[PDB]
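First comes the structure, then the notes that go with it.
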Ligand SMILES: [Zn+2]
Ligand SMILES: [Zn+2]
C-alpha cells in the first residue's frame, strides 16, 4: 500500500540524451536513430533571443557549426533542418541505444515524467502534469533546455515534451517532438501571457479514489449530486468541467471501491465549499490533480515495464 | 527556477534488478558482479512468515532450488549464504552492467530514491526520506520486496535500502545491503511497533531556504531566536532538536540568501505556533521535510551525473 508521486524509470531515455553546441550556446538534445532533436534557439545568442529571425539565423549556420557529443564520443552532423521550433540534426551514427519509441502530442491533464538534463547529462527525474493552460510547473535551470518528457507503455517510450523556456512568471513552456508549441507560446524572450490555470477535476477524483483504496475515507459523506449541480460548484472554484468521458474513465475505480462517480463528486463538492478543516488526504493538505485515473490504477495494481 | 520532489536517474539500477524465485515465492534481487542480493524470506511460504526459523529453513534449500532470471536469460546459482537478513546468491556470470557502487548505511533524515520493481522489472521511481523512527512512507505492493533505495554521486551508485516488508500500520521497513534492519524490526509477520515519528527540522529549514530562493518570502518575519528557545518550541510540536551540526550544514544556504540560520528558525517558530493560515509555500500547505540541505543545493545549482 501507500501512494507516491511516481515517475517512470528513465533508463531508456538516459541513453538518448546528448550535448548539442552551436557557436557559443549549449543545450541538450534527443538522439534517436541517426537524428538529433533539440530546440532551435540553440543557434541564438543572448542578444538574438529578444527578437530572433530563425530563418535568417539558420542561413548563417552550416553542418560543421554544430557540435554533438554523447558523453565523450563525437557525432558528425551530415544534415540539418528546421521543423517548426525544433532542429533535426542528421548524424552519421545511428544511436545503438535507441529504444522502441513514438512521438505523441498529449492533451491537457495528462501526466508524464521529465528527465532534467544539463550539458547532455541526466540530473533528476520527476512526474508532472500538463496544466490546462498548456504550461508545466517544472524545475529547470539555465541549460536544461532540450530536456524531454516521456511516458512508457511496457517496452515503448512515448516522447511528448521538449523543454524550451521558462516564462517570466516562473512556469515552463515547450513543444512536442515535432516542434509545435503547447499553447500560444513562441520561442522568443518577450512577455507572454498564460491563460487562467484551472484544476484538473478528473485527476482530483481519481486521487480521491486512491485515498479510499489506501484507507483514507473521512471525506466520504452522505450526499449525492448531479453532473450539472457539481459542474456549477466546480466552475466557481476554477475546476475543469466534468464530462461523460471523465465518468467513463473513472468506471474501473468506481467498480473497485463500490462508490459511484456521482457520489464521489458530492464528496468533492463539500470539500470545495468547506475546505479540509486542517485535515489531510494521503498526507496532503491540498487537493492533488497530478494523478490521472490511469496513474492510480497503474500504481494500485503494479504495472511494470521492461 | 521551480522546485520538485526529484529522484535520481534510475538507469544504472535498472540493469541490476533480477527476478529471484525459491520454491513458490518470487521477489526482486540486486545483481552486482557475480552476487545476487535479495531478502532472505524468499525461502519462506505464507505459513512460514508467522514464525520462521530461517536457519532451519535454509538447511532444506540447495543451490539449484533458486531461480535467478534477468529478463529472459537464466542465471546458475553456484553458491548461497545468509548474511543477517539478506541472501547472497553466488552466480556463474558477472553482471556486465555493474556500475561503480558502494554499500552505505544512511542515517535518519537522509533521502534516497526508490526503484519499485515487480518480478524483477522496474515499474517506477520516487524520492523519499528515512523517517526518524527508521521507517519509510513508500508505495509497495505484494512482490515489491527486494526493491532497492539508492543515491548517486556523479558516477558511483550508493545502495542504502532494500525493501523487506510493510508493517500493519501501512509504513515500510527494510535493511541495508548487509542485511541489518533499519530500526528494531525483524523479518517476521507479527505486530511490530514503530516509535514516534518526528519531523526532520533540518530538512524543513533547508526547504524554507529553497522557498526564498524561488520567490516565496511571506513567511520571513521580524523576530529572531536562540537555539534553546527554538528547540523548546520544536519539541512541543514533535520536531527533531536542532544541533550545531545542523546549523553548519545550512551555512551555504544562509550565505546564498543572506538570512541567518537563527532568523529562519524564528520564522519556522511562528509557523509552528500560528500555522499557515491557508497559505502555501512552494505550492505546499504543509511543512515539507523530505528535502535535505544537499538536495536543495543540488537542485538549485544543477548538479548532474554520468
Ligand atoms: Zn533555452
Ligand atoms: Zn516480502
### Query
If you scan region A:129-152, which residues turn out to be more than 16 Å from ligand 1 (Cβ to nearest atom) and touching a residue at least 60 places away in the same chain (Cβ under 8 Å)?
A:129, A:131, A:132, A:133, A:134, A:150, A:151, A:152
### Message
Condition first: within 23 Å of residue B:48 (Cα to Cα), away from ligand 2 (no atom under 15 Å from the Cβ) and touching a strand residue (DSSP E or B) at 6+ places or on another chain (Cβ under 6 Å). Can you find one or more residues in region B:85-97 that meet it?
### Response
yes
### Query
So residue B:116 fits all but one of (1) touching a residue at least 60 places away in the same chain (Cβ under 8 Å); (2) within 18 Å of residue B:20 (Cα to Cα); (3) surrounded by 21 or more Cβ atoms within 10 Å (Cβ to Cβ); what number is the exception?
(1)
#### Entry: Contacts under 8 angstrom Cβ, first residue in region B:6-33 being more than 14 Å from chain A (Cβ to nearest Cβ), partner part of a helix (DSSP H, G or I) and more than 16 Å from ligand 2 (Cβ to nearest atom), 6 or more apart
B:22/B:65; B:23/B:65
### Task
For residues that are more than 12 Å from ligand 2 (Cβ to nearest atom), over 17 Å from residue B:147 (Cα atoms) and in contact (Cβ under 8 Å) with a residue 40 or more places away in the chain, tally how many sit in region B:34-52.
3
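Could you list, in sequence order, all residues of region B:267-285 that are assigned to a loop (DSSP other than H, G, I, E, B), under 25 Å from the mean Cα position of the chain (by Cα) and closer than 15 Å to residue B:209 by Cα?
B:282, B:283
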### Task
Taking residue A:160 as meeting all but one of (1) away from ligand 1 (no atom under 14 Å from the Cβ); (2) under 13 Å from the mean Cα position of the chain (by Cα); (3) in a loop (DSSP other than H, G, I, E, B), write down the number of the exception.
(3)
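Report the residue count in region B:128-147 for those that are in a strand (DSSP E or B) and at the interface with another protein chain (Cβ under 8 Å from one of its Cβ atoms).
To start, the set of residues in region B:128-147 that are in a strand (DSSP E or B) comprises B:128-129, B:136.
If we keep only those that are at the interface with another protein chain (Cβ under 8 Å from one of its Cβ atoms) as well, we get B:128.
Number satisfying all stated conditions: 1.
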### Query
Can you pull out the strands (runs of 3 or more DSSP E) entirely within region A:2-60 that have at least 1 residues that are out of contact with any helix residue (DSSP H, G or I) (no Cβ under 8 Å at 6 or more places or on another chain) and within 12 Å of ligand 1 (Cβ to nearest atom)?
A:25-32, A:35-39
### Query
Name the residues in region B:163-184 that are within 13 Å of chain A (Cβ to nearest Cβ) and either more than 16 Å from ligand 2 (Cβ to nearest atom) or not in a loop (DSSP other than H, G, I, E, B) (or both), would you?
B:163, B:165, B:166, B:169, B:172, B:173
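Laboratory data are not the source of any read-out in this text; all were calculated from the coordinates shown. Cβ coordinates were reconstructed from backbone atoms using ideal geometry, including for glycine residues, and neighbour counts include every protein chain displayed.
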